[PDB]
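>>> sequence plus experimental coordinates follow:
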Amino acid sequence: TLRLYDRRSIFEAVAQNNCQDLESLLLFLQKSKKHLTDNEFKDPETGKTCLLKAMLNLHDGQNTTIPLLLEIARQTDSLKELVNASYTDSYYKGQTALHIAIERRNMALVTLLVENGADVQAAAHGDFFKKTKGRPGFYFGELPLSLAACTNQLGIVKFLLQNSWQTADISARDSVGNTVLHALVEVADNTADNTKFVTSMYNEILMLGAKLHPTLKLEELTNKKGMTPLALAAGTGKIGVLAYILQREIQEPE
C-alpha cells in the first residue's frame, strides 16, 4: 500500500541497473523497522547481499546501484556491516566486495570501497582459495594486498598500503601462513613473463615496505612451516625467484 519491496525485486533492480525501484525501497526500509543487514536480505545459502549482487552484475565496471546502496546503508547506520559483508558458504568463504573490486581490476571501485571503511585485512580463506588434488582454485594469498599483488595491479597495491583511512598491514599473514611475499612466490610458474612480473612486484613490495616501515625485515618472515621466502622458492622449484632473491640480497648492503 506504500511501495513495499522484497529482496527479489531489489536484486532484480540491481541487476538491470534500475534506480526507480530503489528510491521507494529506501522509504520502505526507513519505515519497515528493519536494517539491510538482516538475514532476510542475504542469500540463505551463500550470504550474498545486494552489494555482492551489484558487484557480480556490473555494467562496464560502473553502476548507480552501488552508490545508491552505499548512501542507503549510510542513512541506515548499517554501512560498516554491508561494506564488509562476506560470504558464508564453504566455497567462497570470506569473500567481500573489496575482493571482487580487486578481481575485476577497477581502481575507482577500490577507492570508493576503501574510503567508505572497508576491511582492508579481510581474509578470503574459502575452499576455492586453497590447495587440493586438481585445479587448486587460483590461490592468491587470502588477503586483499596479496590479491592486488598477484593480479598485476601495482597502483592498487600503492593505494591499499597508503590510503588515508586504514593502512594495510604488509607483514600480515593468512590462514595458511603465507605473507604477501609467499603469495608472490606461490604464484610464479617459471615462465619468462611471469618471472619478470613477480620480480618487479617483489621489488616494489620490498621498496614500499622499507619506506613505510624500515624496521620490519619481511624477507625473514616464516610461514606455518617455518620456511623463509627463499626456502619456499627452493621447495617449489621457482628458479627465477631464487635468482632475484639472491641478487637482491647480494646488492643493497643496508
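Noted; the coordinates are in hand. Residues are numbered from 1 along each chain as shown.
>>> any idea which element the nearest residue to residue 5 once chain neighbours are set aside lies in?
Leaving aside its chain neighbours, residue 5 sits nearest to residue 25 (4.0 Å; criterion: Cβ to Cβ, 6 or more residues apart in numbering). Backbone N, C-alpha and C define where each C-beta goes, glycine included. Per DSSP states H and E: residue 25 is located in helix 20-31.
>>> quick check: buried residues in that helix?
Using 16 or more other Cβ atoms under 10 Å as the test for burial, helix 20-31 gives 22, 25-26, 28-29.
>>> and which of those is nearest residue 108?
The closest of these to residue 108 turns out to be residue 22 (Cβ to Cβ; 20.6 Å).
>>> tell me how many other residues surround the closest residue in space to that closest one that isn't next to it in sequence.
With Cβ to Cβ, 6+ apart as the criterion, residue 22 has its nearest non-adjacent residue at 5.2 Å, and that residue is residue 68. Number of residues near residue 68 (other Cβ atoms under 10 Å) recorded here: 19.
>>> how close does residue 68 get to residue 37?
Residue 68 sits 17 Å away from residue 37, taking Cβ to Cβ, to the nearest Å as the criterion.
>>> residue 150 reaches residue 142, doesn't it?
No. Under the criterion of Cβ atoms under 8 Å, residue 150 is not in contact with residue 142, lying 10.9 Å apart.
>>> any idea which residue sits dead centre in this protein?
The residue lying closest to the centre of the chain (Cα atoms, centre = their mean) is residue 99, at 2.8 Å.
>>> quick one: contacts for that one?
Residue 99 sits next to 122, 124, 144, 147 when contact means Cβ atoms under 8 Å, 6 or more residues apart in numbering.
>>> what is the neighbour count of the second one?
This points to residue 124. 24.
>>> which strand or helix spans it?
For residue 124, there is no host helix or strand (DSSP H and E).
>>> can you offset everything so residue one is 281?
Will do, 281 is the new start, and the previous item becomes residue 404.
>>> got the phi/psi numbers for it?
Main-chain dihedrals, residue 404, degrees, to the nearest 10: phi -100, psi 90.
>>> find the nearest non-adjacent residue to it, please.
In space, residue 404 is closest to residue 374, 3.9 Å off (Cβ to Cβ, 6+ apart).
>>> residue 508 and residue 480: what is the separation?
Residue 508 is 21 Å from residue 480, by Cβ to Cβ.
>>> of these two, give the one with the bigger neighbour count.
Taking other Cβ under 10 Å, residue 508 and residue 480 do not tie; residue 508 has more neighbours (16 against 13).
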